[PDB]
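Protein sequences appear in the order of chains H, X, D, Z and B.
Be aware that the first sequence starts at 544, since it is given in my numbering, and climbs by one per residue.
Be aware that the second sequence starts at 544, since it is given in my numbering, and climbs by one per residue.
Be aware that the third sequence starts at 3, since it is given in my numbering, and climbs by one per residue.
Be aware that the fourth sequence starts at 3, since it is given in my numbering, and climbs by one per residue.
Be aware that the fifth sequence starts at 3, since it is given in my numbering, and climbs by one per residue.
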Amino acid sequence: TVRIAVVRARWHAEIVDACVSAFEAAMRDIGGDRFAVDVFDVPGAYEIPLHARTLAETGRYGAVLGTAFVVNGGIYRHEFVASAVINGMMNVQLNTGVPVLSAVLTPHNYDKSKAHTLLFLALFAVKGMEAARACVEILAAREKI
Amino acid sequence: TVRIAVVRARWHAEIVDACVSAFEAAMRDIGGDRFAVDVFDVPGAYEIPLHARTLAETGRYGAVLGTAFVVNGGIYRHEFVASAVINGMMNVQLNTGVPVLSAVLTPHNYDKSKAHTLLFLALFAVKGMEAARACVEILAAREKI
Amino acid sequence: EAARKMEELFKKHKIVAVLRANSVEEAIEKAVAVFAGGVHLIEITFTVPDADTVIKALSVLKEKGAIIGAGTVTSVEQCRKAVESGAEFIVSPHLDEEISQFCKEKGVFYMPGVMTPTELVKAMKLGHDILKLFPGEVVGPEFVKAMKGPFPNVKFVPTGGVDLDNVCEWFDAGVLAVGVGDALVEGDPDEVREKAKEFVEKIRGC
Amino acid sequence: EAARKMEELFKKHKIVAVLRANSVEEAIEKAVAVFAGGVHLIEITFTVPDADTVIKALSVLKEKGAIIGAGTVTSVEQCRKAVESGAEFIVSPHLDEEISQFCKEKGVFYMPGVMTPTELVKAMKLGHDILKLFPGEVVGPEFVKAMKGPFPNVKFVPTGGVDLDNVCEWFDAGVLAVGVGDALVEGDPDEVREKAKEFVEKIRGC
Amino acid sequence: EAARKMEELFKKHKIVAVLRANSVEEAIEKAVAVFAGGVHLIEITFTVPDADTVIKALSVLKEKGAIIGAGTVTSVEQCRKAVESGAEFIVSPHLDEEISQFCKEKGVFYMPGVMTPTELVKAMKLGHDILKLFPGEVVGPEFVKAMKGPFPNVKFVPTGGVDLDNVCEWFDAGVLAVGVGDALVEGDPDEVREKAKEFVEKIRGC
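Written as structure tokens, this is what we have:
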């Protein structure tokens, strides 16, 4: 059995949860009895790269999926974190040899109105399902190589 | 015979395919019986840098071409991925010693209307042809040095 | 048991959105705009690309009171996919025995389509009290009134031929709920949310 | 194989004349006026006196591009007569299993009539993709549009309810061809030829 | 065999775009705007920079019904390049024996240019029934009508002298297809797509 770790941000947890729940369900439908999913938490998106590296270098995981919802920020600028986190994961991926995937998303324009909170729960659930497929397909590709 | 690997995204596969097909045909016209092309898939643009590194460090390929079509994103921002992927390939290129090339393109403004899907199939076919020339010319330059 | 649950839900909510879209994201944005606008019963046309994906994605609204069903199901194979992927309702444009038997075995609510008195009867013999009138426009509210006499226990959900101006014309005929789409659903997500509110208020009046 | 040939012919010519007359000579004069006016697909109502005689007589136009079929066939015995006497098409006001099996065995094109979603389905199960809507007037273009959703591969030829003013209203709904008669056909042979030209040009526009 | 295929295609589509551009990307954007606008027969002027590149790039539209040929080919060497790089048609401003022999050997359709009765005859003797009138403007529709008498089996595709206002003036003369360019093609890709639609509808009228 191949383990996949998931590293979750705790900001806007309801949105992040919609994604991981969908991911786990999709994993059972696609690779049931082949893959197992271990979920770990971190305070937020900024800590994903390190936690993910630590898991990847442990040797227990075939893949790591980081997830988070980064928002516009209101008063403060978010762009600096969003790019640091994505590039962080890319550096980990390349130097660890583990196909770290991501669902760290930043919306064009997120309002706090319920219309938007509902939209993002549904879209994150979709991203979760897509990530499950990606995990299985990339891991298979890496055996064929 | 020198092998060239191609790593393809599966998003907007029709567009990505227009490029690789043109690439392979151009390679036969330019370097037939000198080069061979091995095509590999990954879920999407984000996984290209790792898959490409793994292939490059295998020793079988003289060059690796990554291809993808990255779009505006609609609801979500695409800039963070597009830059992570291009920089990822640059880091691989420099530290592996393999002239990883790319045709990872992000349009100024991509509509989903058929006028645009048709335009991009044709433009990607052009990029494929150009990449074939680039592969041959850079590999030759690297022997002359 | 499922039929009783649903009969009460249709009486309670009155309007059912019939949703189609050209993509997964578009279907989701519309389903949310419709839900936010006050329409809780939503059918996802099942003949569209990625219908299963849309129904599973919208399961996140289930805990907020949304009911997501599978629209226009014309076969058993589609019913099986609809059942694994949520789908509280299975509805179809025509009566079908294999679909009805499948749906009973799975414990889900099935609402077959009918447009004639001989078809209403066959559907009743098979146990279906709530029927959909697929060919709306062709069969107006006059049908619903006319069939009330001989079939007082048959309730209808017309689809099509229902727009904002005929809201209450249909309910005055004895309609249970209305299968509104291409009005409620069509347009920009903000236009959709506002129209959904207009339909709900027009309906609340009757 | 016959179905593919005919589907292309209906798409190509669009208008089908539905011809009736009180005599053999009258039927012939009208068939020629209609043909000369630009309508190449002609059905000879088979319930009239001397229907076989008219179909054989008009076989002389076959080499000029006319296609002569048998209109309103309601039985197997009539189908047998229609097949011996030419009849490229056999059409009927209602779906019938014996007629369909006969027509398949003889290699001829059969187009059954349908007016409801449950009947469209039975006809599809039997292999008929092109259906006639016999009760035109009662079932308007709204039906054709409505059934496009659940049955995208079913094409229609409405009969009746088609006149010059509604030309293109029907084609805009997804109609394959129109079963025009009692407009195109009625009147003096010179009036008939001129009306046939008006229908063809009005149709060419859409 | 190629000639028969093409004769039917020209009769079917009527308008042929004659495309020139100052770059590969510009040629592609225009070819797509023209195609999207309803014109399926497109010639890529072969005397432009990177003509082979444009024809190969547009092969992606071949599966969508586009036919891409090589415009203004004046030599065998250019014909050879056009043939390797797709080019369903080879057309030229003048009749040429070496080009015709080459094209026959390769199985491609060749349409030579002619502007006089003595040249029509030589082209017919060489087996070319479809001719292009290169010097349009100079040779108007009167020529096409005049030559119909002595040469009833010669069909023409005029190039130049065809604009939106003279659409149908040319078809009324016996024209097979029209080599429209510098009208259809010139301008912004969105202007191009709209003009292509105007030409197609104006043509559909006749």
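Where a beta carbon is used, it is the ideal one built from N, C-alpha and C, also for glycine.
Within the segment 142-208 of chain Z, complete beta strand (DSSP E) segments of at least 3 residues are found at 157-160, 180-182, given in chain order.
One Cα belongs to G189 of chain B, the other to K204 of chain B, and the distance between them is close to 19 Å. For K655 of chain X, the three-state secondary structure derived from DSSP is coil. The three-state secondary structure of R577 of chain X, taken from DSSP, is coil. Taken in chain order, the members of the segment 647-658 of chain X whose beta-carbon sits within less than 7 Å of a beta-carbon on chain B are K657, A658. Within its own chain, the residues whose Cβ lies closer than 7 Å to the Cβ of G88 of chain B, once the five positions on either side in sequence are excluded, are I57, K58, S61, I70, listed in chain order.
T161 of chain B and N155 of chain B have their C-alpha atoms spaced approximately 19 Å apart. Approximately 7 Å separates the beta-carbon atoms of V187 of chain D and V36 of chain D; this is inside 8 Å, confirming the contact. Judged by DSSP in its simplified three-state form, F37 of chain D adopts helix. For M672 of chain X, the C-beta contacts it makes with chain B under 8 Å involve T55, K58, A59, in order along the chain. Using a CB distance cut-off of 9 Å, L122 of chain B does not count as an interface residue toward chain X. Comparing C-alpha distances from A4 of chain Z to each of Z:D165, Z:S77, Z:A72, Z:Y112 shows the shortest one belongs to Z:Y112. Taking all protein chains in view, the Cβ of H651 of chain X is surrounded by fewer than 16 other Cβ atoms within 10 Å, so the residue is classified as exposed.
Using a C-beta cut-off of 8 Å, the segment 577-596 of chain X makes contact with the segment 631-646 of chain X, since at least three inter-stretch Cβ pairs fall below that distance.
Proximity of the segment 140-157 of chain B to the segment 195-204 of chain Z falls short of the contact definition, fewer than three beta-carbon pairs being nearer than 8 Å.
Secondary structure note for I101 of chain D: its alpha helix (DSSP H) is the uninterrupted segment 99-108.
In this structure the segment 116-129 of chain Z touches the segment 96-104 of chain Z; the number of beta carbon pairs closer than 8 Å is three or more. Residues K32, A35, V36, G39, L186, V187, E188 of the same chain have their beta carbon placed closer than 8 Å to that of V194 of chain B, with the five preceding and five following residues left out of the count. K134 of chain Z: member of the beta strand (DSSP E) spanning 132-135, first to last residue. With 16 or more other Cβ atoms inside 10 Å of its own Cβ, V679 of chain H counts as buried. Taken in chain order, the members of the segment 94-112 of chain D whose beta-carbon sits within less than 9 Å of a beta-carbon on chain Z are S94, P95, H96, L97, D98. A straight line joining the alpha-carbon of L664 of chain H with that of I558 of chain H spans about 5 Å. Beta-carbon to beta-carbon, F48 of chain D and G73 of chain D are separated by about 6 Å, close enough to satisfy the 8 Å threshold. Under a 10 Å Cβ-count criterion, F145 of chain B is classified as buried, with 16 or more other Cβ atoms of the shown protein chains found around its own Cβ.
Of all residues in the segment 563-580 of chain X, only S564, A565, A568, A569, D572 place a beta-carbon less than 9 Å from a beta-carbon of chain B. Three or more Cβ pairs drawn from the segment 549-568 of chain X and the segment 604-622 of chain X lie within less than 8 Å of each other, which places the two stretches in contact. With a threshold of 9 Å between beta carbons, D584 of chain X makes contact with chain H. Within chain B, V26, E27, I30, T55, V56, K58, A59 have C-beta atoms less than 9 Å from the C-beta of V669 of chain X, given in sequence order. Taking a cut-off of 8 Å on C-beta distances, the segment 655-669 of chain H does not touch the segment 580-587 of chain H, as fewer than three cross pairs fall below it.
One finds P642, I681, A684, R685, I688 in chain H with Cβ atoms closer than 9 Å to the Cβ of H594 of chain X, taken in chain order. Among the residues facing chain H, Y604 of chain X is not included, as its CB has no counterpart in that chain under 9 Å away. Bridge pairing for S645 of chain H: H:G609 [DSSP]. At a cut-off of 9 Å, the C-beta of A665 of chain X has no neighbouring C-beta in chain H. Following the DSSP letters along the chain, one finds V545 of chain X in no alpha helix (DSSP H) but inside the beta strand (DSSP E) bounded by residues 545-551. Per DSSP, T76 of chain Z lies in no beta strand (DSSP E) segment and is marked neither H nor E. Taking a 10 Å sphere around the C-beta of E121 of chain D, we find 16 or more other C-beta atoms and assign the residue as buried.
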